[PDB]
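In the block that follows, a single chain appears as structure tokens, in the form deposited in one PDB entry.
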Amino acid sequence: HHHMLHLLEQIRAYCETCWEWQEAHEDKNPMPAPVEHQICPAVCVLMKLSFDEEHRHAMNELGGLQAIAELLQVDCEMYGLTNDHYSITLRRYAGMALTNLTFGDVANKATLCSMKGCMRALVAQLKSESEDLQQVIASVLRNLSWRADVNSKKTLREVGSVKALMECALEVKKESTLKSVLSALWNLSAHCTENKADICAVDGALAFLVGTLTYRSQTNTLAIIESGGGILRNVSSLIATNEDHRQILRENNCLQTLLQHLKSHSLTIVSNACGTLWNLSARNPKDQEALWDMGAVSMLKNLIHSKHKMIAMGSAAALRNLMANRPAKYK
């Protein structure tokens, strides 16, 4: 607690010096360099402390989230993305602390989302040369987008987080970065219909998401399939209206893959597939005939008694769509 107090003091003093410089632009106004104030090791220690539940509680009493966000924001403003490795490092460690302080923490989420300049700075970091920094920023946005309040939803949308993350996903090379990026998009895709449209608008995004449905994880997990299929289920309401977008799904084998998902041990994967099939099986005879021919009817019929409400509802609704529309071939 005494240590934490000292570290937060150092970070606050530095920020005040930066804000003074920023406000002295209508020479005795030398631009502060964080290296000259040993900022990296201060945030490093705060980052490490932030992994411990007890130390977090202490950091919050001292407004640690605010202070660390203010530091990230001012360094991003000052040096942009033409910044040095010291800066990239400090943004990573600040972002990792922000991630730890925003897990389920209603006040901390609200605070951070209310800091509009900090939000724009976070979104900007998704194009960092450091993909690890992208992963860390995507983790912050993931946390902020989970159960976001109405003001937080609005701010997340307005600062362009959706297009920025969807564009970021297309370029990531590492599975860990992709996991965080898709988790944030899964959350954001539920928020409103503008976010859904923004996803679908990104060139290549739907083909990419269909790709994630058959992802082969190194780490023996289903995280990518769950989040990628989650995004797809959330946007499938709008894909259903757009013949071009339906066609991108078809020619990446989406329908047979979704049927295979109905067999998953993961209730999340099954639920996501039931919801996507509910929407794609609506009012489209070619996709209805395709599903019939793949044995969809008996597969969906298997799931209608689920105690998982979304599986029960989606499977029965998809099944109704197909049963209303038995292809002539069959008759």
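Don't overthink the numbering: it's just position in the shown sequence, from 1. Basically, rigid core = biggest C-alpha set you can superpose within 1.5 Å across the two forms.
What comes next is about the form deposited with a partner chain bound, which does not appear here.
Checking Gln125, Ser236, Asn195, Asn100 for any heavy atom within 4.5 Å of its partner chain in the bound PDB entry turns up a single hit: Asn100. Checking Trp186, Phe208, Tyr215, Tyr79 for any heavy atom within 4.5 Å of its partner chain in the bound PDB entry turns up a single hit: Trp186.
Though the partner is left out of this view, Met96 does reach within 4.5 Å of its partner chain in the bound PDB entry, counting heavy atoms only. Its partner chain in the bound PDB entry is not approached by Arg120, whose heavy atoms all lie more than 4.5 angstroms from it. Heavy atoms of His245 never reach within 4.5 Å of its partner chain in the bound PDB entry, leaving it off the interface. Its partner chain in the bound PDB entry comes within 4.5 Å of a heavy atom belonging to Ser139. Every member of the trio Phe51, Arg56 and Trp146 reaches its partner chain in the bound PDB entry with some non-hydrogen atom inside 4.5 Å. Judged by heavy atoms within 4.5 Å of its partner chain in the bound PDB entry, the contact stretch among the candidates 247 to 255, 103 to 111, 153 to 161, 69 to 77 is 103 to 111. In the core-aligned comparison between the shown form and the other one, the C-alpha of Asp84 is the only one from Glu158, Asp84, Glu131, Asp149 that shifts by 2 Å or more. The Cα position of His308 differs by 2 Å or more between the shown form and the other one after fitting on the rigid core.
In the bound PDB entry, the Cα atoms of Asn83 and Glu16 sit 3 Å or more farther from each other than they do here.
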